[PDB]
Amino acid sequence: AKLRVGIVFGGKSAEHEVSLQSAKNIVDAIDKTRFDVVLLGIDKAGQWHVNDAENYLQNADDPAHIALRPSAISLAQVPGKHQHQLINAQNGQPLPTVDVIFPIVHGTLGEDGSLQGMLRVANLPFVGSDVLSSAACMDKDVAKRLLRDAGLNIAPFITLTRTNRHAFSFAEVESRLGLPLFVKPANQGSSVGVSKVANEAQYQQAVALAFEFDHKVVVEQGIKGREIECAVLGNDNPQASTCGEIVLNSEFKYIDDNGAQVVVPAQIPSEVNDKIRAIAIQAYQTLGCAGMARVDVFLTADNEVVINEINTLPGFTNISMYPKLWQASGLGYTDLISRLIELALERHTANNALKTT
């Protein structure tokens, strides 16, 4: 009568350590009365394990050194099964059935649709956005094209590929987008490969760097404003939390938000707050998100709202923006976790009922 909730955390990605911290806080917050938790830790090599709750983290208190305890047992997943989809990879021994997955592996694989495809194949219900949406929110070029097509405000930009890379002189790009410019790989996290550009030397350097991480590089016009974030929750009826502010400076990744200044709620007028909330929901809908997402925007001096990013699996530590925003909007961590689980099971039921032939 209690649902087994498999929390999937860690991962190959550079956000591994932040993922450990999100997981730790969910394990602590989650309502024991309704849910038994199973710890599904992914090591830095990308292999899955079942961890013991008492000793699964080493140096849990210290972000720089925190690590996932090594485990004897590796997991495999069995396509098309509806029970016991997760097994011991060494000997085929089945784990007890997991009723729902809570993925909290930030960035690569976890946030880009790959994990979601795997879970879809294993008929595992899961929290958060599905394959198309996660893949699309992770490719900044694709997400911006969809946002643009929906009539929503985004930074003016161009996308460089391996084959159109040199068709653009730095002069051409400056005449298109003015200065400064930000240059970034299309698929990335946590500001890596991201550079501010004020001249031609910087631009050329910036592009070669970003092309080390992706086959597509986004170059976009610099936007002046406050960075405001908003937490969206739901499937068919998305609800927007109050907004929060993040302050990033130019002076300087195992800490969520890279240890930047975070204030909740954003010290902005409620009318602007509501305008950003409504826009965050349109963004959510345009990108086909499910379960939750965090929408990050720029607020200019004249209160124009420019969408910067949509994150489908945001930091979920006890002090991360996404949970804090809901806590400030009347929804506590525990109830948030439960709401996300409930939404995941409803969406699973909806998908399951669809005809195949």
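Don't overthink the numbering: it's just position in the shown sequence, from 1.
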{"item": "Mean C-alpha temperature factor, higher of 236-244 and 188-196", "value": "188-196"}
{"item": "Given 63-71 and 306-314, the range whose Cα B-factors average higher in the PDB entry", "value": "63-71"}
{"item": "Candidate set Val218, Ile87, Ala260, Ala143 [ranked by C-alpha B-factor, highest]", "value": "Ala260"}
{"item": "Member of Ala328, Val295, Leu299, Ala53 with the greatest C-alpha B factor (per the PDB record)", "value": "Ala53"}
{"item": "For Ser320, the third of its chain into which the C-alpha B factor falls", "value": "lowest"}
{"item": "Ranked against its chain, the third holding the CA B-factor of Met118", "value": "middle"}
{"item": "Lowest, middle or highest third - CA B-factor, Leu57", "value": "highest"}
{"item": "Lowest, middle or highest third - CA B-factor, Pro180", "value": "highest"}
{"item": "CA B-factor ranking of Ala201, expressed as a third of its chain", "value": "highest"}
